[PDB]
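Worksheet: the structure to be examined is printed underneath.
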Amino acid sequence: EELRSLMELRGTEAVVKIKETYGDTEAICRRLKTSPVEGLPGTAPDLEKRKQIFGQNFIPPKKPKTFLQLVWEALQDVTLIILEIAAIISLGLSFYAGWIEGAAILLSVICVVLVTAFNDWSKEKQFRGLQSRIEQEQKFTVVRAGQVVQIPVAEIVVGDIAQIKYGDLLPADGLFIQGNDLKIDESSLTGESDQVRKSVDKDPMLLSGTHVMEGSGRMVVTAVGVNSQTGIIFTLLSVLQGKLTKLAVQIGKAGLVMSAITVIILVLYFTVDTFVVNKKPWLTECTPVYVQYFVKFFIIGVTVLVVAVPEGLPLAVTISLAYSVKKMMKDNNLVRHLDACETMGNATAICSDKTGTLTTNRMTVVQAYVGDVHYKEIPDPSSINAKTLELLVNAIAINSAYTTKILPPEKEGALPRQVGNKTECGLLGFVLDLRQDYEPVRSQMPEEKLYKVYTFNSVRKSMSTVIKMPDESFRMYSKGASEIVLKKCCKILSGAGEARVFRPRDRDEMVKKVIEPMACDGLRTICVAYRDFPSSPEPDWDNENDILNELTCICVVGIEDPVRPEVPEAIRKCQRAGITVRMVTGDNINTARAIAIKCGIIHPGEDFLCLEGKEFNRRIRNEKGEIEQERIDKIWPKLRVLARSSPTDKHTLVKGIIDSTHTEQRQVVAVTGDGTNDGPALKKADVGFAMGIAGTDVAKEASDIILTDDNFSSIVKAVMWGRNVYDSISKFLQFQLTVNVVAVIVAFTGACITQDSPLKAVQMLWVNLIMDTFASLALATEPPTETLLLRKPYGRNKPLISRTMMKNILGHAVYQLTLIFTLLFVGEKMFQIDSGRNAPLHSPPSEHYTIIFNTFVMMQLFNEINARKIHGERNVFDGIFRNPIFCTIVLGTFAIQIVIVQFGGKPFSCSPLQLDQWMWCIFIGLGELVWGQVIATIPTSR
Amino acid sequence: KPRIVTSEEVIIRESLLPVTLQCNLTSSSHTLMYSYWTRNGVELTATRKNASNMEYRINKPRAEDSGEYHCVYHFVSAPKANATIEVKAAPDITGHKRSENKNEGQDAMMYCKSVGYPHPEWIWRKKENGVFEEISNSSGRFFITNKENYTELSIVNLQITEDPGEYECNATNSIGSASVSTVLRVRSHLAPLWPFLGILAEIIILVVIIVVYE
Ligand SMILES: *[C@@H]1O[C@H](CO)[C@@H](O)[C@H](O)[C@H]1NC(C)=O
Ligand SMILES: *[C@@H]1O[C@H](CO)[C@@H](O)[C@H](O)[C@H]1NC(C)=O
Ligand SMILES: *[C@@H]1O[C@H](CO)[C@@H](O)[C@H](O)[C@H]1NC(C)=O
Ligand SMILES: *[C@@H]1O[C@H](CO)[C@@H](O)[C@H](O)[C@H]1NC(C)=O
Ligand SMILES: *[C@@H]1O[C@H](CO)[C@@H](O)[C@H](O)[C@H]1NC(C)=O
Ligand SMILES: *[C@@H]1O[C@H](CO)[C@@H](O)[C@H](O)[C@H]1NC(C)=O
């Protein structure tokens with residue numbers, strides 16, 4: 001509609017445009033068929049109708065690929081094409097049975113392609129599910145039917161009245177009606193980082209994609225979806241994988257060399273025996289049989305190549321993530337960028353924020369200094385002085401914000417709800433605990449009496465109000481952090497309910513008696529003062545520094561937030577796991593250290609620095625006024641607690657730590673900042689956590705991982721998963737390598753001693769499938785155990801294959817090779833089942849090779865279990881049942897193996913076996929586990 | 001009675017020289033209709049012509065061509081005159097079972113199909129102590145069937161102490177003789193029990209090690 005051109009005000013043009021079109025904002029509001037600020041009908045048919053025709057959904061499809069293109073891409077492998085053309089040549093050349101081999105090869109190739117395509121499709125579906133949930137998580141507050149409610153961002157439709165608070169992210173283009181101090185940065189669209197102040201009279205335009213900085217208010221959405229000025233730009237528009245792919249290409253080269261050697265050896269042996277030893281000329285009558293022998297040798301070589309080269313190894317890690325992320329959300333770790341899933345595993349330092357993480361963010365009062373009497377416990381109103389409760393309750397009710405109301409508990413026998421400012425809610429809760437109610441006073445106390453209200457600002461560090469109710473006088477009530485207002489107050493009201501003499505002489509005694517014990521106990525101090533201004537002809541209230549002097553302190557209240565019961569154990573575990581945790585906060589140093597000593601960050605009897613922001617900045621800028629890395633290199637290693645720190649100080653600390661060369665191992669840090677100015681600091685770090693319950697959308701937008709419960713322990717959970725991924729890949733690799741060794745050997749020397757390999761094309765394709773795809777789905781998706789936090793973080797230059805894995809691979813390969821060779825050369829005697837050795841062309845399948853194939857597959861199946869442990873744990877069956885996928889895959893493979901050996905003889909080059917032969921094959925399979933238990937006793941260090 | 005003069009009998013050796021069989025209708029007062037060759041009573045293909053004298057040319061003599069050839073003479077109003085030329089060579093065994101695996105208590109059979117002429121006489125023997133000994137009917141479980149080209153030996157109610165071994169068929173005739181062998185093995189009934197006990201022992205030792213480790 002015309003609304004598309006109604007945007008891009010950029011000044012005072014669109015205001016006159018709306019004046020010309022409809023006059024004012026209320027006029028377009030009524031025309032919009034939308035209820036004004038009071039509410040909205042919210043009926044489903046009307047909202048859905050205005051969503052279809054009058055609006056646009058926020059549903060970019062991105063068009064994920066389908067199964068057909070996936071299988072088409074999977075079919076594009078070169079080795080499979082070579083196998084296909086070789087099979088076609090062998091099939092056609094049979095007539096110049098034999099077609100069985102070609103048909104079997106074609107069918108097996110098609111089946112392998114289909115299985116790979118299905119696996120890729122399932123993994124992509126898992127990722128899409130995670131993305132759907134991450135989209136669902138978003139929510140914005142609006143008002144409908146006079147009720148403030150939070151709805152998914154995808155649901156907002158033109159006409160909704162949205163409520164804007166500081167730190168929010170605007171989802172749609174709208175119009176400003178009412179609010180206070182609405183200052184927003186629009187640098188994402190205009191490129192200028194200056195806070196534009198919106199007003200009804202000068203700029204009522206609010207644009208999606210911009211970050212609200214200060215103020216609050218309401219807006220009416222006009223443009224949504226692709227019609228917005230931020231969607232036009234869209235419309236007109238790791239460490240482990242490198243090592244994995246390097247190893248893959250090395251193994252591929254080795255396999256190619258081995259295949260070429262085998263083929264040339266077979267060809268040379270055949271031609272020398274046929275023509276040189278036996279005196280036969282180059283007859284043209286027996287050319288087809290010679291070329292058929294050549295094609296058989298080539299097929300053996302191609303199968304050796306197709307098993308030797310590992311395909312999809314660098315894709316292993318992704319698979320693990322696809323089956324881990326959906327479970328990580330159960331630990332309240334909602335991850336946005338997958339690259340940080342494993343990087344957090346290597347993390348060595350964690351920088352934490354006091355409020356929200358370590359505290360419960362609830363205000364509880366324990367001790368108070370009133371009537372010149374200290375009270376370690378809450379005192380009853382009986383023991384109190386004269387007029388102090390009435391005046392104190394009146395001052396608390398008047399001075400505090402009226403909009404913030406403590407809701408009734410209604411929590412089914414739990415703690416009452418807290419709404420508004422935390423400290424203010426704590427004072428109101430204390431007042432209610434003293435058997436006084438501020439509602440009767442506030443109801444009878446109109447806003448006109450408060451002519452002057454100084455809201456808490458960073459510069460003033462106090463919040464106060466003035467009322468002109470007394471005759472020829474005024475009464476002002478102030479609240480401060482007990483340090484700013486302590487200088488202002490010059491009389492003591494706690495003597496007998498009357499003012500006394502307050503001087504700098506007893507200032508020392510009072511501050512020693514009051515501030516020090518609360519600070520040691522970990523309590524921030526709030527002081528309330530009042531004074532009676534005389535009715536001067538014109539008091540100068542603008543200069544609050546001087547006029548707001550000579551106060552009388554009613555009392556002093558110590559307020560604090562309990563530390564969660566889980567943070568001590570989590571911090572101890574993190575310190576055990578080689579990760580050091582530092583604390584950065586804006587509160588004063590005394591309470592910061594008091595909290596840190598309880599949280600276990602800093603030991604009591606140790607020399608850990610606890611310098612504040614001022615000394616930090618001074619030390620790093622002892623030069624002409626710049627920050628150097630060298631000075632930070634002597635401060636960061638032993639810096640634990642930082643106090644009175646601006647966010648830029650946190651950014652400087654993170655930058656100094658992350659790129660330091662002072663230590664031999666590069667540092668990777670995790671910062672959990674949350675705020676409107678915490679953008680660069682959070683972004684600079686490797687992985688940046690954000691808060692979920694109470695967090696600004698700007699902080700969430702630039703964070704890799706969010707915590708849906710704000711608890712510090714959740715961070716620990718991340719570390720666990722960040723390690724588990726790596727371990728998972730490790731173990732999978734182990735298993736595959738073992739197979740890849742034995743197969744190659746069993747086809748090289750088999751083609752050297754005799755003229756054939758014990759395993760044919762279809763059998764070896766099935767072995768490839770079980771060794772790669774089912775192995776990846778079974779071993780690479782395992783649940784983590786809490787023992788993963790008992791080892792130091794891994795370095796960057798760590799070899800991918802550890803010593804224990806190499807020991808396991810070599811030992812199991814040796815056992816398998818010796819047993820298979822014994823069965824191949826001597827197994828005719830043991831079973832009395834004749835010999836399939838030196839079989840002529842198109843020979844019927846013989847039991848002697850079926851036993852070899854079956855025992856090879858059985859050894860692989862029973863060694864897959866033995867490969868679940870990397871660190872030499874003897875209890876191979878520990879925690880096997882926690883992963884149903886592994887058990888399902890192993891049992892399904894075993895059943896399919898039984899079916900393949902018993903039935904489908906000729907196409908698979910197998911022959912039916914009796915119970916005796918199967919029993920010996922399973923006996924060998926279990927002997928594999930016995931040898932795997934035996935090998936663990938070898939010391940790898942020696 | 002028509003008079004037919006036939007070529008002399010031929011013995012097929014390994015020599016590569018092709019053989020010609022001749023027959024001439026020297027005396028016949030009947031209007032001839034046709035003439036044609038037979039081997040073992042079977043019509044040879046592409047052999048019907050006027051052919052008052054007929055020549056049959058075999059380019060590649062082998063034992064599988066030796067047979068009782070006739071050149072039959074069919075007249076308009078006279079009985080056919082057949083005559084006979086015999087071609088003989090040493091017998092050649094063409095097919096046999098290389099092994100016979102049967103569980104005790106079942107039936108076993110072994111055959112030695114051959115080609116040649118005269119139809120050889122078959123003798124079965126057992127390889128005992130490195131020599132060949134003639135089989136003994138004894139309990140009567142051995143059924144030996146002989147035919148013009150096919151022979152078979154069948155055993156009922158297989159035991160475990162005499163039946164396993166090696167049996168040879170010897171196939172002798174006037175020109176030569178030819179013999180081949182077959183191996184007979186009988187499986188025990190309680191064979192599967194031993195590997196099951198092995199699996200049980202491995203499970204026992206594995207569980208003992210695991211529980212000791214804890
Ligand atoms: C062959 O032809 C001759 C001459 O006509 C005739 O006497 C003789 O019977 C024929 N033999 C056949 C048709 O078999
Ligand atoms: C046999 O018949 C052939 C073919 O006609 C002839 O050449 C040959 O002389 C005949 N032999 C006798 C003995 O009649
Ligand atoms: C020809 O007839 C004689 C009559 O004694 C018979 O023995 C011979 O088998 C017959 N030939 C054929 C090929 O049937
Ligand atoms: C062996 O004796 C039995 C007795 O019934 C008989 O059936 C069988 O034919 C005999 N012959 C041979 C050659 O073993
Ligand atoms: C044995 O002779 C018969 C005659 O009817 C024949 O059917 C069968 O094929 C022959 N078997 C051979 C030659 O192996
Ligand atoms: C067959 O048996 C006869 C009589 O014992 C013997 O002379 C001959 O060598 C045997 N050999 C073959 C190969 O048939």
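Here, A, B, ... name the chains of the structure tokens in the order displayed, residue numbers run from 1 inside each chain, and ligands are numbered from 1 in the same displayed order.
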(request) May I ask you to write as a PyMOL selection string all residues lying at most 8 Å from ligand 5, with only C-alpha atoms and all ligand atoms counted? (result) chain B and resi 40+64+94+113-115+148-150
Within 12 Å of ligand 3, which residues of chain B come that close, and what is the closest atom pair and distance in Å for each? Count only C-alpha atoms and all ligand atoms and give it as CSV.
```
residue,atom,partner,partner_atom_place_in_ligand_line,distance
B:35,CA,ligand 3,13 (C),11.7
B:36,CA,ligand 3,13 (C),9.8
B:37,CA,ligand 3,13 (C),8.0
B:38,CA,ligand 3,13 (C),5.7
B:39,CA,ligand 3,13 (C),7.4
B:40,CA,ligand 3,13 (C),7.1
B:41,CA,ligand 3,13 (C),4.8
B:42,CA,ligand 3,13 (C),7.7
B:43,CA,ligand 3,13 (C),8.6
B:44,CA,ligand 3,13 (C),11.1
B:67,CA,ligand 3,13 (C),11.4
B:68,CA,ligand 3,13 (C),8.4
B:69,CA,ligand 3,13 (C),7.5
B:70,CA,ligand 3,13 (C),5.4
B:71,CA,ligand 3,13 (C),7.4
B:72,CA,ligand 3,13 (C),6.5
B:73,CA,ligand 3,1 (C),9.5
B:74,CA,ligand 3,1 (C),11.0
B:79,CA,ligand 3,2 (O),9.5
B:80,CA,ligand 3,1 (C),7.5
B:81,CA,ligand 3,1 (C),6.3
B:82,CA,ligand 3,1 (C),4.2
B:83,CA,ligand 3,1 (C),6.2
B:84,CA,ligand 3,11 (N),7.4
B:85,CA,ligand 3,13 (C),10.5
B:86,CA,ligand 3,13 (C),11.8
```
The selected residues should be written to file as a compact mmCIF listing (two decimals), in the first residue's frame (atoms: N, CA and C atoms).
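Final output, saved to selection_25.txt:
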```txt
# COMPACT_ATOMS: atom_id res chain seq x y z
N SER B 35 19.85 -92.52 -47.75
CA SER B 35 20.80 -93.18 -46.87
C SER B 35 21.32 -92.18 -45.85
N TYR B 36 21.71 -92.69 -44.68
CA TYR B 36 22.00 -91.81 -43.56
C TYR B 36 22.69 -92.57 -42.43
N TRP B 37 23.56 -91.87 -41.71
CA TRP B 37 24.33 -92.46 -40.63
C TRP B 37 23.64 -92.34 -39.27
N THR B 38 23.97 -93.29 -38.40
CA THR B 38 23.53 -93.33 -37.01
C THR B 38 24.72 -93.63 -36.11
N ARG B 39 24.74 -93.00 -34.94
CA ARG B 39 25.68 -93.34 -33.88
C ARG B 39 24.89 -93.72 -32.64
N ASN B 40 25.06 -94.96 -32.18
CA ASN B 40 24.35 -95.47 -31.01
C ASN B 40 22.84 -95.36 -31.18
N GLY B 41 22.37 -95.55 -32.42
CA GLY B 41 20.96 -95.46 -32.71
C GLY B 41 20.42 -94.05 -32.87
N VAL B 42 21.29 -93.04 -32.89
CA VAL B 42 20.88 -91.65 -32.97
C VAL B 42 21.29 -91.10 -34.33
N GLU B 43 20.35 -90.43 -35.00
CA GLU B 43 20.62 -89.86 -36.31
C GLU B 43 21.63 -88.73 -36.22
N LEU B 44 22.68 -88.81 -37.04
CA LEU B 44 23.60 -87.68 -37.19
C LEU B 44 22.98 -86.64 -38.10
N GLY B 67 32.06 -94.86 -31.34
CA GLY B 67 30.71 -95.38 -31.21
C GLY B 67 30.42 -96.44 -32.25
N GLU B 68 29.21 -96.99 -32.17
CA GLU B 68 28.76 -98.04 -33.08
C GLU B 68 28.03 -97.34 -34.21
N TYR B 69 28.78 -96.96 -35.23
CA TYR B 69 28.22 -96.26 -36.36
C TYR B 69 27.53 -97.25 -37.28
N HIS B 70 26.44 -96.80 -37.89
CA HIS B 70 25.80 -97.54 -38.96
C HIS B 70 25.47 -96.57 -40.07
N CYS B 71 25.41 -97.07 -41.29
CA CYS B 71 24.89 -96.28 -42.40
C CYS B 71 23.68 -97.01 -42.95
N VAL B 72 22.51 -96.52 -42.58
CA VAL B 72 21.22 -97.14 -42.87
C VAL B 72 20.77 -96.72 -44.26
N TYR B 73 20.21 -97.68 -44.98
CA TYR B 73 19.81 -97.54 -46.37
C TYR B 73 18.31 -97.78 -46.45
N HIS B 74 17.55 -96.73 -46.77
CA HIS B 74 16.09 -96.78 -46.86
C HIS B 74 15.72 -96.77 -48.34
N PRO B 79 13.30 -103.37 -47.39
CA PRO B 79 13.70 -103.10 -46.01
C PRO B 79 15.05 -102.41 -45.95
N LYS B 80 15.21 -101.57 -44.93
CA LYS B 80 16.45 -100.83 -44.74
C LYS B 80 17.61 -101.77 -44.44
N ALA B 81 18.79 -101.41 -44.93
CA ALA B 81 20.01 -102.17 -44.67
C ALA B 81 20.95 -101.31 -43.84
N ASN B 82 21.34 -101.80 -42.67
CA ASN B 82 22.02 -100.96 -41.68
C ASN B 82 23.54 -101.13 -41.71
N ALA B 83 24.03 -102.36 -41.50
CA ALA B 83 25.46 -102.65 -41.38
C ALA B 83 26.04 -101.97 -40.14
N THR B 84 27.32 -102.19 -39.86
CA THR B 84 27.92 -101.65 -38.64
C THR B 84 29.41 -101.43 -38.83
N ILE B 85 29.88 -100.26 -38.42
CA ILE B 85 31.30 -99.95 -38.29
C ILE B 85 31.53 -99.50 -36.86
N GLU B 86 32.41 -100.19 -36.15
CA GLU B 86 32.65 -99.90 -34.74
C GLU B 86 33.92 -99.06 -34.61
```
With only C-alpha atoms and all ligand atoms counted, collect every polymer residue having an atom within 7 Å of ligand 1; state the result as a CSV table (one decimal) with C-alpha atoms, in the first residue's frame.
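Wrote pocket04.csv, looks like this:
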```
chain,number,residue,atom,x,y,z
B,31,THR,CA,15.0,-98.0,-56.3
B,32,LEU,CA,17.0,-96.3,-53.5
B,33,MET,CA,15.2,-93.6,-51.5
B,34,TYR,CA,17.9,-92.3,-49.1
B,35,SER,CA,20.8,-93.2,-46.9
B,49,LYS,CA,21.4,-87.4,-49.6
B,50,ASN,CA,21.1,-89.6,-52.6
B,51,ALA,CA,24.5,-91.1,-51.6
B,52,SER,CA,24.7,-94.5,-53.3
```
Could the residues of chain B that have an atom at most 10 Å from chain A be listed as CSV, each with its closest atom pair and the distance in Å to one decimal, counting only C-alpha atoms and ordered by chain and ascending residue number?
```
residue,atom,partner,partner_atom,distance
B:98,CA,A:834,CA,9.0
B:99,CA,A:834,CA,7.7
B:100,CA,A:833,CA,9.7
B:101,CA,A:833,CA,8.2
B:183,CA,A:834,CA,9.6
B:185,CA,A:832,CA,8.0
B:187,CA,A:832,CA,9.7
B:190,CA,A:916,CA,9.6
B:191,CA,A:916,CA,6.7
B:192,CA,A:916,CA,4.8
B:193,CA,A:916,CA,8.4
B:194,CA,A:916,CA,9.0
B:195,CA,A:920,CA,5.8
B:196,CA,A:919,CA,6.5
B:197,CA,A:923,CA,9.5
B:198,CA,A:923,CA,6.7
B:199,CA,A:923,CA,5.4
B:200,CA,A:923,CA,9.2
B:201,CA,A:923,CA,10.0
B:202,CA,A:926,CA,7.0
B:203,CA,A:926,CA,8.0
B:205,CA,A:930,CA,8.4
B:206,CA,A:930,CA,6.6
B:207,CA,A:875,CA,9.9
B:209,CA,A:933,CA,8.5
B:210,CA,A:875,CA,6.1
B:211,CA,A:875,CA,8.8
B:213,CA,A:874,CA,7.2
B:214,CA,A:875,CA,8.1
```
(request) Please provide as number ranges by chain all residues within 10 Å of residue 889 (chain A), with the sequence filter that same-chain residues fewer than 2 positions apart are discarded (counting only C-alpha atoms). (result) A: 770, 774-775, 777-779, 884-887, 891-895
Quick one: residues within 10 Å of residue 168 (chain A), only C-alpha atoms counted, chain neighbours fewer than 2 positions away excluded, as an mmCIF file with C-alpha atoms, in the first residue's frame?
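What follows is the written file selection.cif:
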```cif
data_model
loop_
_atom_site.group_PDB
_atom_site.id
_atom_site.type_symbol
_atom_site.label_atom_id
_atom_site.label_comp_id
_atom_site.auth_asym_id
_atom_site.auth_seq_id
_atom_site.Cartn_x
_atom_site.Cartn_y
_atom_site.Cartn_z
ATOM 1 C CA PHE A 140 8.424 -9.596 22.020
ATOM 2 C CA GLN A 163 5.885 -1.841 24.052
ATOM 3 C CA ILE A 164 9.516 -0.748 23.688
ATOM 4 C CA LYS A 165 12.042 -0.844 26.535
ATOM 5 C CA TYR A 166 15.755 -0.050 26.582
ATOM 6 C CA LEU A 170 12.785 -3.404 16.829
ATOM 7 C CA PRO A 171 11.231 -6.187 14.705
ATOM 8 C CA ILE A 184 17.873 4.807 19.557
ATOM 9 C CA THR A 210 17.835 -0.709 15.062
ATOM 10 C CA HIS A 211 18.808 -1.047 18.724
ATOM 11 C CA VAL A 212 16.924 0.957 21.352
ATOM 12 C CA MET A 213 19.430 2.581 23.709
ATOM 13 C CA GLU A 214 17.565 4.593 26.353
ATOM 14 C CA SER A 216 10.756 3.522 26.848
ATOM 15 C CA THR A 676 23.357 -2.859 25.406
ATOM 16 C CA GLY A 695 18.768 -10.324 28.607
ATOM 17 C CA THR A 696 18.679 -7.494 26.093
ATOM 18 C CA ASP A 697 18.005 -8.529 22.504
ATOM 19 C CA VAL A 698 21.130 -6.679 21.358
ATOM 20 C CA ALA A 699 23.243 -8.943 23.570
#
```
(request) List all protein, DNA and RNA residues that have at least one atom no more than 8 Å from any atom of ligand 4, counting only C-alpha atoms and all ligand atoms, and write them as a list in words. (result) residues 136, 137, 138, 139, 140, 141, 142, 143, 144 and 145 of chain B
Tell me, counting only C-alpha atoms and all ligand atoms, for each residue of chain B within 12 Å of ligand 2, which pair of atoms is nearest and how far apart they are in Å to one decimal, in rows ordered by chain and increasing number, as JSON lines.
```
{"residue": "B:3", "atom": "CA", "partner": "ligand 2", "partner_atom_place_in_ligand_line": "14 (O)", "distance": 11.0}
{"residue": "B:4", "atom": "CA", "partner": "ligand 2", "partner_atom_place_in_ligand_line": "14 (O)", "distance": 9.3}
{"residue": "B:5", "atom": "CA", "partner": "ligand 2", "partner_atom_place_in_ligand_line": "13 (C)", "distance": 6.9}
{"residue": "B:6", "atom": "CA", "partner": "ligand 2", "partner_atom_place_in_ligand_line": "13 (C)", "distance": 8.4}
{"residue": "B:7", "atom": "CA", "partner": "ligand 2", "partner_atom_place_in_ligand_line": "13 (C)", "distance": 8.7}
{"residue": "B:8", "atom": "CA", "partner": "ligand 2", "partner_atom_place_in_ligand_line": "13 (C)", "distance": 11.4}
{"residue": "B:20", "atom": "CA", "partner": "ligand 2", "partner_atom_place_in_ligand_line": "3 (C)", "distance": 11.3}
{"residue": "B:21", "atom": "CA", "partner": "ligand 2", "partner_atom_place_in_ligand_line": "1 (C)", "distance": 10.1}
{"residue": "B:22", "atom": "CA", "partner": "ligand 2", "partner_atom_place_in_ligand_line": "1 (C)", "distance": 6.4}
{"residue": "B:23", "atom": "CA", "partner": "ligand 2", "partner_atom_place_in_ligand_line": "1 (C)", "distance": 6.0}
{"residue": "B:24", "atom": "CA", "partner": "ligand 2", "partner_atom_place_in_ligand_line": "1 (C)", "distance": 4.7}
{"residue": "B:25", "atom": "CA", "partner": "ligand 2", "partner_atom_place_in_ligand_line": "14 (O)", "distance": 7.8}
{"residue": "B:26", "atom": "CA", "partner": "ligand 2", "partner_atom_place_in_ligand_line": "14 (O)", "distance": 6.5}
{"residue": "B:27", "atom": "CA", "partner": "ligand 2", "partner_atom_place_in_ligand_line": "14 (O)", "distance": 10.3}
{"residue": "B:50", "atom": "CA", "partner": "ligand 2", "partner_atom_place_in_ligand_line": "5 (O)", "distance": 11.3}
{"residue": "B:51", "atom": "CA", "partner": "ligand 2", "partner_atom_place_in_ligand_line": "5 (O)", "distance": 8.1}
{"residue": "B:52", "atom": "CA", "partner": "ligand 2", "partner_atom_place_in_ligand_line": "5 (O)", "distance": 7.2}
{"residue": "B:53", "atom": "CA", "partner": "ligand 2", "partner_atom_place_in_ligand_line": "2 (O)", "distance": 4.6}
{"residue": "B:54", "atom": "CA", "partner": "ligand 2", "partner_atom_place_in_ligand_line": "4 (C)", "distance": 6.3}
{"residue": "B:55", "atom": "CA", "partner": "ligand 2", "partner_atom_place_in_ligand_line": "4 (C)", "distance": 7.0}
{"residue": "B:56", "atom": "CA", "partner": "ligand 2", "partner_atom_place_in_ligand_line": "4 (C)", "distance": 10.8}
```
(message) I'd like the neighbourhood of region 6-22 of chain A as an MDAnalysis selection string, where a residue qualifies if any of its atoms comes within 12 Å (using only C-alpha atoms), though same-chain residues fewer than 3 positions away should be ignored.
(response) chainID A and resid 1:3 25:32 172:176 186 189:190 196:208 221:224 227:230
With C-alpha atoms retained, write the just-selected residues as an mmCIF file, in the first residue's frame.
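Result written to result.cif:
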```
data_model
loop_
_atom_site.group_PDB
_atom_site.id
_atom_site.type_symbol
_atom_site.label_atom_id
_atom_site.label_comp_id
_atom_site.auth_asym_id
_atom_site.auth_seq_id
_atom_site.Cartn_x
_atom_site.Cartn_y
_atom_site.Cartn_z
ATOM 1 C CA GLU A 1 0.000 0.000 0.000
ATOM 2 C CA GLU A 2 1.012 3.645 0.403
ATOM 3 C CA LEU A 3 2.746 2.689 3.659
ATOM 4 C CA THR A 25 -1.119 9.426 13.972
ATOM 5 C CA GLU A 26 -4.495 8.685 15.541
ATOM 6 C CA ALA A 27 -6.127 9.158 12.127
ATOM 7 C CA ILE A 28 -4.099 6.413 10.459
ATOM 8 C CA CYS A 29 -4.664 4.382 13.627
ATOM 9 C CA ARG A 30 -8.453 4.520 13.163
ATOM 10 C CA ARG A 31 -8.263 3.976 9.399
ATOM 11 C CA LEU A 32 -6.063 0.908 10.019
ATOM 12 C CA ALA A 172 9.048 -4.084 12.415
ATOM 13 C CA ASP A 173 8.621 -0.532 11.172
ATOM 14 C CA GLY A 174 6.184 1.466 13.285
ATOM 15 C CA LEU A 175 5.013 4.849 14.561
ATOM 16 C CA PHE A 176 5.781 6.427 17.938
ATOM 17 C CA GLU A 186 20.190 3.687 13.727
ATOM 18 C CA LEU A 189 20.701 1.595 8.340
ATOM 19 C CA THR A 190 22.239 5.087 8.180
ATOM 20 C CA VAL A 196 18.700 9.770 17.619
ATOM 21 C CA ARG A 197 16.040 10.952 20.074
ATOM 22 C CA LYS A 198 12.547 10.253 18.740
ATOM 23 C CA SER A 199 9.639 12.544 19.557
ATOM 24 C CA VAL A 200 6.060 12.783 18.351
ATOM 25 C CA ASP A 201 6.706 16.343 17.184
ATOM 26 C CA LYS A 202 10.042 15.800 15.420
ATOM 27 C CA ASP A 203 10.650 12.125 14.501
ATOM 28 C CA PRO A 204 7.958 9.516 15.210
ATOM 29 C CA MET A 205 9.646 6.970 12.929
ATOM 30 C CA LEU A 206 10.916 3.664 14.319
ATOM 31 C CA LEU A 207 12.762 1.296 11.983
ATOM 32 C CA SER A 208 13.287 -2.440 12.344
ATOM 33 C CA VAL A 221 3.547 -1.299 13.694
ATOM 34 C CA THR A 222 2.943 -0.181 10.107
ATOM 35 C CA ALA A 223 5.369 -2.193 7.946
ATOM 36 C CA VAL A 224 6.216 -5.864 8.504
ATOM 37 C CA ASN A 227 7.927 -4.512 3.179
ATOM 38 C CA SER A 228 10.273 -3.141 5.860
ATOM 39 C CA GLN A 229 13.316 -0.985 5.144
ATOM 40 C CA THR A 230 15.598 -3.688 6.571
#
```
(request) Rank nothing, just name the residue among B:174, B:157, B:188, B:106 nearest to ligand 6, using only C-alpha atoms and all ligand atoms. (result)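 Among the listed residues, the smallest separation from ligand 6 belongs to B:174.
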(request) Set the cut-off to 8 Å, count only C-alpha atoms and all ligand atoms, and list whatever residues fall near ligand 6 as a ChimeraX atom specification. (result) /B:123,169-172,176-180
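Counting only C-alpha atoms, residue 722 (chain A) has the following residues at most 9 Å away, ignoring those fewer than 4 positions along the same chain: residues 340, 341, 342, 343, 344, 345, 346, 347, 717, 718 and 726 of chain A.
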